[PDB]
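*Asks:* Would you mind keeping the following structure in view while I ask a few things?
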Amino acid sequence: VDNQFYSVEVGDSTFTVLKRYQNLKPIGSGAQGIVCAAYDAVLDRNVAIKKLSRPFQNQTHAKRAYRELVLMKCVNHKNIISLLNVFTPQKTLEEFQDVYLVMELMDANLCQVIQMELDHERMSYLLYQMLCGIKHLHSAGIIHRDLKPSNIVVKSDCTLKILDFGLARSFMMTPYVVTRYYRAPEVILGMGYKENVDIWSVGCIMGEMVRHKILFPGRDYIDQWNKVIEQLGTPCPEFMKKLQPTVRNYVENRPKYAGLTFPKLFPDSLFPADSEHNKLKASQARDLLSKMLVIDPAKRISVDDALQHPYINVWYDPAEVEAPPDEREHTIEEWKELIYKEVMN
Ligand SMILES: Nc1ncnc2c1ncn2[C@@H]1O[C@H](COP(=O)(O)OP(=O)(O)NP(=O)(O)O)[C@@H](O)[C@H]1O
Ligand SMILES: [Mg+2]
């Protein structure tokens with residue numbers, strides 16, 4: 001069984017992969033583990049391989065691994081990364097350590113794209129695909145709540161896929177920091193959420209594509225909340241009453257702001273605005289931003305309305321926007337077997 005597999009060093013990590021997977025090259029990593037590009041000799045094409053090291057290590061890694069494994073196996077949409085293969089090189093439950101996820105190989109994450117000037121055609125198309133993916137997750141009862149540029153990937157042909165399935169419905173001993181900058185006020189302030197929680201994150205990413213700077217940076221949620229109100233202004237009263245009384249006291253009592261206008265937030269400097277085409281697309285991009293970056297989710301644009309926005313709808317395909325389509329608590333030994341049984345079936 002192990003002669004189905006070979007071992008290569010990739011940084012500090014050892015990848016033990018099926019012999020079909022040749023010429024591994026690191027392309028990224030995070031808390032879950034290391035990601036490599038490989039040639040798949042059987043499919044005759046490049047793939048991405050993510051190694052999860054002992055995902056049953058702790059509740060958080062285990063919940064995420066199990067959830068991600070179940071969801072990318074059963075979810076099928078051009079804007080959600082497809083799982084091509086799943087394996088472990090260990091032969092039994094007792095020996096089981098590592099899960100390798102094999103995906104279609106994309107070229108880059110959105111962090112690299114944010115560093116570029118994109119025309120309106122590419123920006124609107126990327127945003128359209130993000131919205132089609134979110135739509136599809138929402139239609140399957142998945143509200144991500146954790147979209148960020150590092151887990152959205154793109155090809156050279158401007159095709160986009162979401163890598164991950166977001167938060168569950170979490171103490172960890174790592175160096176690894178959670179990126180919070182794209183999290184909605186509903187998540188920052190823990191105040192219940194609907195589908196358009198994910199619109200906030202799209203607005204943060206779009207904002208960043210235009211500014212080339214994180215909109216709402218902060219050491220913690222305190223700083224991040226300051227950065228939100230400093231720019232969009234203190235929200236309205238009906239917003240507050242939706243908050244836990246402890247959070248409510250906190251928000252109700254911060255130094256007030258009227259905030260900045262969308263023209264000052266995203267000046268004409270930041271958009272292609274030479275041609276009449278680009279002038280009109282700049283005003284439409286700023287409009288859509290003004291509707292996504294809305295603190296109060298009652299007043300924030302929905303996924304469906306965002307897809308109908310003039311900046312986006314030039315791409316709109318019913319095939320892509322319409323297609324039909326866990327949370328428990330175990331010990332590390334139970335998670336190991338649940339994950340093992342999913343990897344084997
Ligand atoms: N299928 C893939 N194709 C191309 N690059 C990928 C692929 N999967 C991951 N990457 C790259 O590897 C980086 C890290 O992968 P990622 O899966 O985000 O690990 P993570 O951020 O630790 N876990 P998670 O955020 O929950 O998905 C991503 O930002 C991409 O740059
Ligand atoms: Mg990620």
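We name chains A, B, ... following the order of the structure tokens; residues begin at 1 in each chain, and ligands are numbered from 1 as shown.
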Please report, as a Markdown table, each residue of chain A lying at most 8 Å from ligand 2, together with the nearest pair of atoms and the separation in Å rounded to one decimal; use only C-alpha atoms and all ligand atoms, and order rows by chain and ascending residue number.

*Replies:*
```
| residue | atom | partner | partner_atom_place_in_ligand_line | distance |
| --- | --- | --- | --- | --- |
| A:29 | CA | ligand 2 | 1 (Mg) | 7.9 |
| A:30 | CA | ligand 2 | 1 (Mg) | 6.5 |
| A:148 | CA | ligand 2 | 1 (Mg) | 7.5 |
| A:150 | CA | ligand 2 | 1 (Mg) | 4.9 |
| A:151 | CA | ligand 2 | 1 (Mg) | 4.0 |
| A:152 | CA | ligand 2 | 1 (Mg) | 7.8 |
| A:163 | CA | ligand 2 | 1 (Mg) | 7.1 |
| A:164 | CA | ligand 2 | 1 (Mg) | 7.1 |
```

*Asks:* Write out, as a tab-separated table, each residue of chain A that has an atom at most 10 Å from ligand 1, together with the closest pair of atoms and their distance in Å to one decimal, counting only C-alpha atoms and all ligand atoms, rows going by chain and rising number.

*Replies:*
```
residue	atom	partner	partner_atom_place_in_ligand_line	distance
A:26	CA	ligand 1	12 (O)	8.4
A:27	CA	ligand 1	11 (C)	5.6
A:28	CA	ligand 1	12 (O)	3.6
A:29	CA	ligand 1	14 (C)	4.1
A:30	CA	ligand 1	22 (O)	2.9
A:31	CA	ligand 1	22 (O)	4.2
A:32	CA	ligand 1	22 (O)	4.5
A:33	CA	ligand 1	22 (O)	5.8
A:34	CA	ligand 1	19 (O)	7.0
A:35	CA	ligand 1	12 (O)	5.2
A:36	CA	ligand 1	12 (O)	7.7
A:37	CA	ligand 1	4 (C)	7.3
A:46	CA	ligand 1	3 (N)	9.6
A:47	CA	ligand 1	1 (N)	7.1
A:48	CA	ligand 1	1 (N)	4.7
A:49	CA	ligand 1	1 (N)	7.3
A:50	CA	ligand 1	8 (N)	6.8
A:51	CA	ligand 1	19 (O)	9.4
A:52	CA	ligand 1	22 (O)	9.2
A:61	CA	ligand 1	26 (O)	9.3
A:64	CA	ligand 1	26 (O)	7.4
A:65	CA	ligand 1	26 (O)	8.6
A:68	CA	ligand 1	26 (O)	8.2
A:81	CA	ligand 1	1 (N)	6.6
A:82	CA	ligand 1	1 (N)	8.2
A:83	CA	ligand 1	1 (N)	8.7
A:101	CA	ligand 1	1 (N)	9.1
A:102	CA	ligand 1	1 (N)	7.6
A:103	CA	ligand 1	1 (N)	4.9
A:104	CA	ligand 1	1 (N)	5.3
A:105	CA	ligand 1	3 (N)	4.0
A:106	CA	ligand 1	3 (N)	3.8
A:107	CA	ligand 1	4 (C)	5.5
A:108	CA	ligand 1	31 (O)	5.6
A:109	CA	ligand 1	31 (O)	4.5
A:110	CA	ligand 1	29 (O)	7.9
A:111	CA	ligand 1	29 (O)	7.8
A:112	CA	ligand 1	31 (O)	8.6
A:146	CA	ligand 1	25 (O)	8.8
A:147	CA	ligand 1	25 (O)	8.9
A:148	CA	ligand 1	25 (O)	8.4
A:149	CA	ligand 1	29 (O)	7.4
A:150	CA	ligand 1	29 (O)	3.9
A:151	CA	ligand 1	18 (O)	4.7
A:152	CA	ligand 1	29 (O)	7.1
A:153	CA	ligand 1	4 (C)	6.2
A:154	CA	ligand 1	4 (C)	7.8
A:155	CA	ligand 1	4 (C)	8.6
A:161	CA	ligand 1	1 (N)	8.7
A:162	CA	ligand 1	27 (O)	8.8
A:163	CA	ligand 1	27 (O)	5.5
A:164	CA	ligand 1	27 (O)	4.9
A:165	CA	ligand 1	26 (O)	7.7
A:166	CA	ligand 1	26 (O)	7.4
A:167	CA	ligand 1	26 (O)	9.1
A:176	CA	ligand 1	22 (O)	9.0
A:178	CA	ligand 1	25 (O)	9.3
A:179	CA	ligand 1	25 (O)	9.4
```

*Asks:* Produce a file of the selected residues containing C-alpha atoms, as an mmCIF file, in the first residue's frame.

*Replies:*
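See out.cif below for the written result:
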```cif
data_model
loop_
_atom_site.group_PDB
_atom_site.id
_atom_site.type_symbol
_atom_site.label_atom_id
_atom_site.label_comp_id
_atom_site.auth_asym_id
_atom_site.auth_seq_id
_atom_site.Cartn_x
_atom_site.Cartn_y
_atom_site.Cartn_z
ATOM 1 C CA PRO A 26 5.063 24.968 -2.469
ATOM 2 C CA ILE A 27 2.426 27.593 -3.459
ATOM 3 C CA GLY A 28 1.137 28.626 0.013
ATOM 4 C CA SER A 29 0.296 27.619 3.595
ATOM 5 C CA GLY A 30 -1.678 28.546 6.728
ATOM 6 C CA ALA A 31 -2.878 27.059 10.081
ATOM 7 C CA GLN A 32 -4.267 23.814 8.440
ATOM 8 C CA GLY A 33 -0.909 23.119 6.709
ATOM 9 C CA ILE A 34 1.146 23.519 3.497
ATOM 10 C CA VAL A 35 -0.186 23.683 -0.086
ATOM 11 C CA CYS A 36 1.800 22.412 -3.149
ATOM 12 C CA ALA A 37 1.309 22.505 -6.925
ATOM 13 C CA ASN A 46 -1.615 20.313 -12.605
ATOM 14 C CA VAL A 47 -3.303 20.069 -9.197
ATOM 15 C CA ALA A 48 -2.987 21.724 -5.775
ATOM 16 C CA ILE A 49 -2.259 19.380 -2.796
ATOM 17 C CA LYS A 50 -3.019 20.590 0.762
ATOM 18 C CA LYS A 51 -1.629 18.462 3.615
ATOM 19 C CA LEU A 52 -3.593 18.569 6.900
ATOM 20 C CA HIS A 61 -8.747 21.959 13.361
ATOM 21 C CA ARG A 64 -12.825 22.613 10.104
ATOM 22 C CA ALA A 65 -11.169 19.555 8.462
ATOM 23 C CA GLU A 68 -14.306 21.147 4.660
ATOM 24 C CA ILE A 81 -12.877 24.939 -5.477
ATOM 25 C CA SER A 82 -13.489 21.279 -6.501
ATOM 26 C CA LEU A 83 -11.906 18.364 -4.627
ATOM 27 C CA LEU A 101 -6.706 17.250 -0.299
ATOM 28 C CA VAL A 102 -6.133 17.409 -4.091
ATOM 29 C CA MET A 103 -7.873 20.366 -5.846
ATOM 30 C CA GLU A 104 -7.782 22.014 -9.272
ATOM 31 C CA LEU A 105 -4.649 24.224 -9.366
ATOM 32 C CA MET A 106 -5.411 27.970 -9.505
ATOM 33 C CA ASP A 107 -2.623 30.527 -10.279
ATOM 34 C CA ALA A 108 -2.956 33.012 -7.374
ATOM 35 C CA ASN A 109 -5.011 34.159 -4.380
ATOM 36 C CA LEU A 110 -6.789 37.528 -4.371
ATOM 37 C CA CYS A 111 -4.026 39.096 -2.167
ATOM 38 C CA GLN A 112 -1.832 39.123 -5.311
ATOM 39 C CA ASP A 146 -15.066 34.406 6.817
ATOM 40 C CA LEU A 147 -14.348 35.409 3.182
ATOM 41 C CA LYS A 148 -10.886 36.924 2.818
ATOM 42 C CA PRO A 149 -8.477 37.446 -0.075
ATOM 43 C CA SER A 150 -6.149 34.552 1.022
ATOM 44 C CA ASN A 151 -8.972 31.983 0.459
ATOM 45 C CA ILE A 152 -10.219 33.222 -2.882
ATOM 46 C CA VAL A 153 -8.115 32.017 -5.830
ATOM 47 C CA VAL A 154 -7.967 33.125 -9.482
ATOM 48 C CA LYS A 155 -6.543 31.916 -12.810
ATOM 49 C CA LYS A 161 -13.025 30.104 -6.872
ATOM 50 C CA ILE A 162 -13.659 30.287 -3.105
ATOM 51 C CA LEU A 163 -11.344 27.815 -1.292
ATOM 52 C CA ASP A 164 -13.243 27.338 1.997
ATOM 53 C CA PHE A 165 -16.703 27.148 3.698
ATOM 54 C CA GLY A 166 -16.320 29.723 6.505
ATOM 55 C CA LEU A 167 -17.044 29.454 10.246
ATOM 56 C CA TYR A 176 -0.940 31.816 13.432
ATOM 57 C CA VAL A 178 -6.797 34.852 12.492
ATOM 58 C CA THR A 179 -7.346 37.552 9.785
#
```

*Asks:* I need the residues in range 24-271 of chain A that are helix (DSSP H, G or I) according to DSSP; give them as number ranges by chain.

*Replies:* A: 55-57, 59-74, 110-114, 120-139, 149-151, 185-188, 197-211, 221-232, 237-240, 245-252, 262-265, 268-270

*Asks:* Pick from A:219, A:145, A:330, A:136: nearest to residue 78 in chain A, with only C-alpha atoms counted?

*Replies:*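 Using only C-alpha atoms, residue 78 in chain A sits closest to A:136.
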
*Asks:* Write out as a PyMOL selection string each polymer residue whose atoms come within 10 Å of residue 250 in chain A, counting only C-alpha atoms; drop sequence neighbours fewer than 4 positions from it.

*Replies:* chain A and resi 189+222+240+243-246+254

*Asks:* Kindly indicate which residue among A:184, A:118, A:321, A:313 lies nearest to residue 77 in chain A, using only C-alpha atoms for the distances.

*Replies:*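 That would be A:321, the residue with the smallest distance to residue 77 in chain A.
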
*Asks:* Would you please work out which residue, of A:80, A:285, A:114, A:137, is nearest to residue 266 in chain A when using only C-alpha atoms?

*Replies:*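 For residue 266 in chain A, the nearest of the candidates is A:285.
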
*Asks:* So which bits of range 3-65 of chain A end up strand (DSSP E) when you DSSP the backbone, as a ChimeraX atom specification?

*Replies:* /A:5-10,13-18,21-30,33-40,45-53

*Asks:* What would the file look like if the residues just selected were written as an mmCIF file, in the first residue's frame with C-alpha atoms?

*Replies:*
```
data_model
loop_
_atom_site.group_PDB
_atom_site.id
_atom_site.type_symbol
_atom_site.label_atom_id
_atom_site.label_comp_id
_atom_site.auth_asym_id
_atom_site.auth_seq_id
_atom_site.Cartn_x
_atom_site.Cartn_y
_atom_site.Cartn_z
ATOM 1 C CA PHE A 5 3.181 6.541 -2.120
ATOM 2 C CA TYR A 6 6.563 8.347 -1.947
ATOM 3 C CA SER A 7 7.974 11.062 0.385
ATOM 4 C CA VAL A 8 9.554 14.447 -0.550
ATOM 5 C CA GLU A 9 10.699 17.271 1.762
ATOM 6 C CA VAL A 10 8.801 20.585 1.163
ATOM 7 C CA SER A 13 7.236 19.306 6.097
ATOM 8 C CA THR A 14 7.367 15.813 4.470
ATOM 9 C CA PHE A 15 4.707 15.279 1.728
ATOM 10 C CA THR A 16 3.900 11.533 1.384
ATOM 11 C CA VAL A 17 1.685 11.529 -1.753
ATOM 12 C CA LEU A 18 0.381 9.066 -4.387
ATOM 13 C CA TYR A 21 1.523 13.401 -8.032
ATOM 14 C CA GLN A 22 4.972 14.502 -9.414
ATOM 15 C CA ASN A 23 7.182 17.630 -9.065
ATOM 16 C CA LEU A 24 5.618 19.213 -5.929
ATOM 17 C CA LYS A 25 6.252 22.984 -5.536
ATOM 18 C CA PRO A 26 5.063 24.968 -2.469
ATOM 19 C CA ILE A 27 2.426 27.593 -3.459
ATOM 20 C CA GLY A 28 1.137 28.626 0.013
ATOM 21 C CA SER A 29 0.296 27.619 3.595
ATOM 22 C CA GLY A 30 -1.678 28.546 6.728
ATOM 23 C CA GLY A 33 -0.909 23.119 6.709
ATOM 24 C CA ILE A 34 1.146 23.519 3.497
ATOM 25 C CA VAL A 35 -0.186 23.683 -0.086
ATOM 26 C CA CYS A 36 1.800 22.412 -3.149
ATOM 27 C CA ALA A 37 1.309 22.505 -6.925
ATOM 28 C CA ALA A 38 1.876 19.043 -8.515
ATOM 29 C CA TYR A 39 1.597 17.355 -11.923
ATOM 30 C CA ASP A 40 -1.040 14.583 -11.802
ATOM 31 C CA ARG A 45 -2.792 18.197 -15.544
ATOM 32 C CA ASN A 46 -1.615 20.313 -12.605
ATOM 33 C CA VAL A 47 -3.303 20.069 -9.197
ATOM 34 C CA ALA A 48 -2.987 21.724 -5.775
ATOM 35 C CA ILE A 49 -2.259 19.380 -2.796
ATOM 36 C CA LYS A 50 -3.019 20.590 0.762
ATOM 37 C CA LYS A 51 -1.629 18.462 3.615
ATOM 38 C CA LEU A 52 -3.593 18.569 6.900
ATOM 39 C CA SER A 53 -1.210 17.374 9.704
#
```

*Asks:* If you count only C-alpha atoms, which residues fall within 9 Å of residue 339 in chain A, apart from same-chain ones fewer than 3 positions away, as a list in words?

*Replies:* residues 55, 56, 62, 65, 66, 69, 99, 334, 335, 336, 342, 343 and 344 of chain A

*Asks:* For CA of residue 345 in chain A and CA of residue 97 in chain A, determine how far apart the two atoms are, in Å to one decimal place.

*Replies:* 16.4 Å

*Asks:* Which residues are near residue 314 in chain A? Cut-off 10 Å, only C-alpha atoms, ignore same chain within fewer than 2 positions. Put them as a list in words.

*Replies:*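 Neighbouring residues, sequence-local ones excluded: residues 121, 124, 125, 128, 307, 308, 309, 310, 311, 312, 316 and 317 of chain A.
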
*Asks:* If I take CA of residue 132 in chain A and CA of residue 195 in chain A, how far is one from the other in Å, to one decimal?

*Replies:*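 So the two atoms, CA of residue 132 in chain A and CA of residue 195 in chain A, lie 13.0 Å apart.
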